[PDB]
$ cat upload11.cif   # mmCIF, N, CA and C atoms
data_run
#
loop_
_atom_site.group_PDB
_atom_site.id
_atom_site.type_symbol
_atom_site.label_atom_id
_atom_site.label_comp_id
_atom_site.auth_asym_id
_atom_site.auth_seq_id
_atom_site.Cartn_x
_atom_site.Cartn_y
_atom_site.Cartn_z
ATOM 1 N N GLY A 1 -23.782 -37.728 -63.671
ATOM 2 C CA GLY A 1 -23.989 -39.126 -63.329
ATOM 3 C C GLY A 1 -23.325 -40.021 -64.330
ATOM 4 N N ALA A 2 -22.406 -40.838 -63.869
ATOM 5 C CA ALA A 2 -21.714 -41.776 -64.734
ATOM 6 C C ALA A 2 -22.317 -43.166 -64.595
ATOM 7 N N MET A 3 -23.122 -43.346 -63.539
ATOM 8 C CA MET A 3 -23.817 -44.614 -63.212
ATOM 9 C C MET A 3 -22.876 -45.676 -62.668
ATOM 10 N N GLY A 4 -21.855 -45.990 -63.409
ATOM 11 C CA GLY A 4 -20.867 -46.926 -62.955
ATOM 12 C C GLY A 4 -19.680 -46.179 -62.430
ATOM 13 N N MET A 5 -19.723 -45.816 -61.163
ATOM 14 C CA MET A 5 -18.650 -45.032 -60.573
ATOM 15 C C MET A 5 -18.642 -45.168 -59.032
ATOM 16 N N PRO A 6 -18.094 -46.283 -58.482
ATOM 17 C CA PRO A 6 -17.915 -46.423 -57.026
ATOM 18 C C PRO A 6 -16.658 -45.677 -56.521
ATOM 19 N N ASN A 7 -15.741 -45.420 -57.444
ATOM 20 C CA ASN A 7 -14.444 -44.746 -57.193
ATOM 21 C C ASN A 7 -13.736 -44.747 -58.510
ATOM 22 N N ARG A 8 -13.727 -45.916 -59.096
ATOM 23 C CA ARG A 8 -13.295 -46.115 -60.451
ATOM 24 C C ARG A 8 -14.567 -46.273 -61.230
ATOM 25 N N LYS A 9 -14.491 -46.732 -62.443
ATOM 26 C CA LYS A 9 -15.698 -47.010 -63.187
ATOM 27 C C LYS A 9 -16.236 -48.378 -62.749
ATOM 28 N N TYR A 10 -15.325 -49.237 -62.327
ATOM 29 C CA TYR A 10 -15.668 -50.556 -61.831
ATOM 30 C C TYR A 10 -15.091 -50.779 -60.448
ATOM 31 N N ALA A 11 -15.618 -51.766 -59.761
ATOM 32 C CA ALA A 11 -15.158 -52.127 -58.437
ATOM 33 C C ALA A 11 -13.947 -53.054 -58.567
ATOM 34 N N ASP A 12 -13.543 -53.681 -57.487
ATOM 35 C CA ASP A 12 -12.448 -54.643 -57.528
ATOM 36 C C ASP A 12 -12.907 -55.938 -56.892
ATOM 37 N N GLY A 13 -12.611 -57.044 -57.550
ATOM 38 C CA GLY A 13 -13.116 -58.347 -57.143
ATOM 39 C C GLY A 13 -14.387 -58.681 -57.918
ATOM 40 N N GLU A 14 -14.870 -57.691 -58.636
ATOM 41 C CA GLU A 14 -16.108 -57.744 -59.367
ATOM 42 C C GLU A 14 -15.965 -58.511 -60.686
ATOM 43 N N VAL A 15 -16.935 -59.341 -61.022
ATOM 44 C CA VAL A 15 -16.905 -60.004 -62.306
ATOM 45 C C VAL A 15 -17.659 -59.148 -63.337
ATOM 46 N N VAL A 16 -16.997 -58.895 -64.432
ATOM 47 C CA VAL A 16 -17.489 -58.048 -65.500
ATOM 48 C C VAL A 16 -17.236 -58.693 -66.857
ATOM 49 N N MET A 17 -17.549 -57.978 -67.909
ATOM 50 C CA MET A 17 -17.230 -58.416 -69.248
ATOM 51 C C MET A 17 -16.111 -57.535 -69.737
ATOM 52 N N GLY A 18 -15.109 -58.109 -70.291
ATOM 53 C CA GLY A 18 -13.992 -57.333 -70.748
ATOM 54 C C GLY A 18 -13.599 -57.723 -72.146
ATOM 55 N N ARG A 19 -13.355 -56.736 -72.951
ATOM 56 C CA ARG A 19 -12.985 -56.902 -74.335
ATOM 57 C C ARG A 19 -11.544 -57.378 -74.425
ATOM 58 N N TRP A 20 -11.267 -58.241 -75.372
ATOM 59 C CA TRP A 20 -9.917 -58.675 -75.594
ATOM 60 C C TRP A 20 -9.236 -57.590 -76.442
ATOM 61 N N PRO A 21 -8.107 -57.026 -75.956
ATOM 62 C CA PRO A 21 -7.384 -55.881 -76.563
ATOM 63 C C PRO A 21 -7.343 -55.832 -78.104
ATOM 64 N N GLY A 22 -7.018 -56.936 -78.736
ATOM 65 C CA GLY A 22 -6.899 -56.938 -80.180
ATOM 66 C C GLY A 22 -8.194 -57.280 -80.904
ATOM 67 N N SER A 23 -9.188 -57.701 -80.171
ATOM 68 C CA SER A 23 -10.451 -58.096 -80.740
ATOM 69 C C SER A 23 -11.565 -57.122 -80.298
ATOM 70 N N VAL A 24 -12.773 -57.366 -80.752
ATOM 71 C CA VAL A 24 -13.943 -56.631 -80.301
ATOM 72 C C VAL A 24 -14.776 -57.530 -79.402
ATOM 73 N N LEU A 25 -14.284 -58.746 -79.213
ATOM 74 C CA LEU A 25 -14.941 -59.729 -78.396
ATOM 75 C C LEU A 25 -14.820 -59.443 -76.938
ATOM 76 N N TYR A 26 -15.854 -59.771 -76.227
ATOM 77 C CA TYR A 26 -15.906 -59.614 -74.803
ATOM 78 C C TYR A 26 -15.962 -60.967 -74.150
ATOM 79 N N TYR A 27 -15.129 -61.152 -73.189
ATOM 80 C CA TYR A 27 -15.085 -62.364 -72.423
ATOM 81 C C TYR A 27 -15.401 -62.038 -70.988
ATOM 82 N N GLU A 28 -15.546 -63.038 -70.176
ATOM 83 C CA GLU A 28 -15.938 -62.836 -68.807
ATOM 84 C C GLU A 28 -14.699 -62.791 -67.945
ATOM 85 N N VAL A 29 -14.557 -61.732 -67.193
ATOM 86 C CA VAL A 29 -13.364 -61.523 -66.405
ATOM 87 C C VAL A 29 -13.724 -61.066 -65.014
ATOM 88 N N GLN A 30 -12.795 -61.164 -64.118
ATOM 89 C CA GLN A 30 -12.993 -60.639 -62.805
ATOM 90 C C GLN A 30 -11.890 -59.642 -62.553
ATOM 91 N N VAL A 31 -12.253 -58.472 -62.108
ATOM 92 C CA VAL A 31 -11.292 -57.425 -61.849
ATOM 93 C C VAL A 31 -10.478 -57.743 -60.598
ATOM 94 N N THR A 32 -9.187 -57.695 -60.708
ATOM 95 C CA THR A 32 -8.345 -57.979 -59.624
ATOM 96 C C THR A 32 -7.661 -56.719 -59.098
ATOM 97 N N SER A 33 -7.118 -55.905 -59.991
ATOM 98 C CA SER A 33 -6.372 -54.727 -59.565
ATOM 99 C C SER A 33 -6.587 -53.558 -60.526
ATOM 100 N N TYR A 34 -5.972 -52.420 -60.249
ATOM 101 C CA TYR A 34 -6.216 -51.218 -61.020
ATOM 102 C C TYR A 34 -5.043 -50.238 -60.961
ATOM 103 N N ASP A 35 -4.596 -49.827 -62.128
ATOM 104 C CA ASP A 35 -3.585 -48.793 -62.290
ATOM 105 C C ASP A 35 -4.348 -47.499 -62.339
ATOM 106 N N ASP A 36 -4.040 -46.595 -61.457
ATOM 107 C CA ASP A 36 -4.820 -45.369 -61.331
ATOM 108 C C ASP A 36 -4.201 -44.229 -62.095
ATOM 109 N N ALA A 37 -2.970 -44.401 -62.499
ATOM 110 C CA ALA A 37 -2.264 -43.363 -63.192
ATOM 111 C C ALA A 37 -2.669 -43.337 -64.648
ATOM 112 N N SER A 38 -2.591 -44.469 -65.291
ATOM 113 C CA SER A 38 -2.932 -44.552 -66.686
ATOM 114 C C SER A 38 -4.348 -45.106 -66.876
ATOM 115 N N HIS A 39 -4.985 -45.424 -65.758
ATOM 116 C CA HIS A 39 -6.342 -45.968 -65.714
ATOM 117 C C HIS A 39 -6.450 -47.292 -66.481
ATOM 118 N N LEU A 40 -5.861 -48.319 -65.907
ATOM 119 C CA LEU A 40 -5.874 -49.683 -66.465
ATOM 120 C C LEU A 40 -6.409 -50.612 -65.413
ATOM 121 N N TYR A 41 -7.226 -51.527 -65.791
ATOM 122 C CA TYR A 41 -7.777 -52.447 -64.850
ATOM 123 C C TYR A 41 -7.160 -53.779 -65.097
ATOM 124 N N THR A 42 -6.675 -54.389 -64.074
ATOM 125 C CA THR A 42 -6.139 -55.682 -64.212
ATOM 126 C C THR A 42 -7.267 -56.632 -63.895
ATOM 127 N N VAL A 43 -7.486 -57.557 -64.771
ATOM 128 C CA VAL A 43 -8.557 -58.498 -64.654
ATOM 129 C C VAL A 43 -8.008 -59.886 -64.861
ATOM 130 N N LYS A 44 -8.709 -60.865 -64.406
ATOM 131 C CA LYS A 44 -8.309 -62.225 -64.595
ATOM 132 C C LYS A 44 -9.381 -62.964 -65.380
ATOM 133 N N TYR A 45 -8.955 -63.712 -66.371
ATOM 134 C CA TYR A 45 -9.845 -64.467 -67.230
ATOM 135 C C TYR A 45 -10.117 -65.848 -66.673
ATOM 136 N N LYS A 46 -11.112 -66.501 -67.249
ATOM 137 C CA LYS A 46 -11.516 -67.867 -66.902
ATOM 138 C C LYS A 46 -10.358 -68.860 -67.156
ATOM 139 N N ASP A 47 -9.452 -68.458 -68.023
ATOM 140 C CA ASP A 47 -8.278 -69.252 -68.385
ATOM 141 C C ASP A 47 -7.179 -69.130 -67.339
ATOM 142 N N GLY A 48 -7.430 -68.354 -66.297
ATOM 143 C CA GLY A 48 -6.455 -68.175 -65.234
ATOM 144 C C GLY A 48 -5.578 -66.974 -65.493
ATOM 145 N N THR A 49 -5.256 -66.786 -66.744
ATOM 146 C CA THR A 49 -4.446 -65.705 -67.229
ATOM 147 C C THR A 49 -5.079 -64.351 -66.877
ATOM 148 N N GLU A 50 -4.282 -63.438 -66.399
ATOM 149 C CA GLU A 50 -4.758 -62.126 -66.089
ATOM 150 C C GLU A 50 -4.215 -61.139 -67.102
ATOM 151 N N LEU A 51 -4.944 -60.095 -67.337
ATOM 152 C CA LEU A 51 -4.598 -59.124 -68.341
ATOM 153 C C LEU A 51 -4.895 -57.728 -67.816
ATOM 154 N N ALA A 52 -4.283 -56.714 -68.387
ATOM 155 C CA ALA A 52 -4.657 -55.366 -68.064
ATOM 156 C C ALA A 52 -5.339 -54.758 -69.275
ATOM 157 N N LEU A 53 -6.419 -54.089 -69.053
ATOM 158 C CA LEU A 53 -7.157 -53.433 -70.112
ATOM 159 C C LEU A 53 -7.693 -52.081 -69.674
ATOM 160 N N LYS A 54 -8.204 -51.315 -70.603
ATOM 161 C CA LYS A 54 -8.760 -50.011 -70.288
ATOM 162 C C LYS A 54 -10.176 -50.161 -69.782
ATOM 163 N N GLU A 55 -10.673 -49.138 -69.119
ATOM 164 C CA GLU A 55 -12.061 -49.111 -68.673
ATOM 165 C C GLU A 55 -13.026 -49.194 -69.849
ATOM 166 N N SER A 56 -12.591 -48.670 -70.974
ATOM 167 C CA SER A 56 -13.352 -48.671 -72.201
ATOM 168 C C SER A 56 -13.474 -50.089 -72.790
ATOM 169 N N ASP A 57 -12.696 -51.015 -72.264
ATOM 170 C CA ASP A 57 -12.758 -52.393 -72.703
ATOM 171 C C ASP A 57 -13.654 -53.171 -71.788
ATOM 172 N N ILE A 58 -14.001 -52.595 -70.665
ATOM 173 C CA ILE A 58 -14.790 -53.303 -69.699
ATOM 174 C C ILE A 58 -16.214 -52.861 -69.753
ATOM 175 N N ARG A 59 -17.089 -53.805 -69.718
ATOM 176 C CA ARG A 59 -18.497 -53.536 -69.629
ATOM 177 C C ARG A 59 -19.105 -54.358 -68.517
ATOM 178 N N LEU A 60 -20.331 -54.045 -68.166
ATOM 179 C CA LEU A 60 -21.048 -54.749 -67.105
ATOM 180 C C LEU A 60 -21.196 -56.231 -67.453
ATOM 181 N N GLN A 61 -21.324 -57.082 -66.418
ATOM 182 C CA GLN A 61 -21.495 -58.543 -66.584
ATOM 183 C C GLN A 61 -22.699 -58.801 -67.496
ATOM 184 N N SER A 62 -23.672 -57.947 -67.366
ATOM 185 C CA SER A 62 -24.781 -57.890 -68.242
ATOM 186 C C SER A 62 -25.112 -56.438 -68.421
ATOM 187 N N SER A 63 -25.375 -56.034 -69.645
ATOM 188 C CA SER A 63 -25.684 -54.660 -69.932
ATOM 189 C C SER A 63 -27.120 -54.352 -69.449
ATOM 190 N N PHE A 64 -27.847 -55.400 -69.102
ATOM 191 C CA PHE A 64 -29.162 -55.263 -68.547
ATOM 192 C C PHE A 64 -29.035 -55.269 -67.035
ATOM 193 N N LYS A 65 -29.000 -54.098 -66.467
ATOM 194 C CA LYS A 65 -28.857 -53.942 -65.047
ATOM 195 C C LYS A 65 -30.056 -53.202 -64.494
ATOM 196 N N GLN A 66 -30.607 -53.705 -63.431
ATOM 197 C CA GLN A 66 -31.750 -53.108 -62.816
ATOM 198 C C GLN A 66 -31.549 -53.142 -61.322
#

$ encode --input "upload11.cif" --output "C-alpha cells"
Amino acid sequence: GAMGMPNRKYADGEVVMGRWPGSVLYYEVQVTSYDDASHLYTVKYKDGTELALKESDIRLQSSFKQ
C-alpha cells in the first residue's frame, strides 16, 4: 500500500504542495502534466509559472488527510 497511488503517486489537475527544486520550501501547486519515463510531474504555481518536479517534491495539499 502506497496510499497515494491512483496510477501515479498523484493525480492530474489536482492541487498539491510542491517543493521548490532548490529550496526545502513547499508552495501550492496544481499538477498539470506528467513525464512517465523519468517520473516528473509538471505543475503550475500560483504565479502562473509552471515547473517540473519529482514526486518526492510533491506532497499532499494537507498532510492531514482523512

$ resolve_selection --input "upload11.cif" --expression "the PyMOL selection byres ((chain A and resi 42) around 7)" --output "JSON, numbers by chain"
{"A": [30, 31, 32, 33, 34, 35, 40, 41, 43, 44, 50, 51, 52, 53]}

$ atom_distance --input "upload11.cif" --atom1 "CA of residue 22 in chain A" --atom2 "atom N of residue 66 in chain A"
29.2 Å

$ axis_aligned_box --input "upload11.cif" --around "range 56-65 of chain A" --padding-each-side "4 Å" --output "AutoDock Vina command-line options"
--center_x -21.3 --center_y -53.7 --center_z -68.6 --size_x 25.5 --size_y 18.1 --size_z 16.3

$ atom_distance --input "upload11.cif" --atom1 "atom N of residue 13 in chain A" --atom2 "CA of residue 56 in chain A"
16.9 Å

$ atom_distance --input "upload11.cif" --atom1 "CA of residue 25 in chain A" --atom2 "CA of residue 1 in chain A"
27.1 Å

$ residues_around --input "upload11.cif" --residues "residue 27 in chain A" --least-positions-apart "6" --cutoff "8 Å" --atoms "all atoms listed in the file" --output "JSON, numbers by chain"
{"A": [16, 17, 18, 19, 20, 45, 46]}

$ closest_residue --input "upload11.cif" --among "A:15, A:21, A:37, A:4" --to "residue 57 in chain A" --atoms "all atoms listed in the file"
A:21

$ closest_residue --input "upload11.cif" --among "A:64, A:11, A:5, A:54" --to "residue 39 in chain A" --atoms "only C-alpha atoms"
A:54
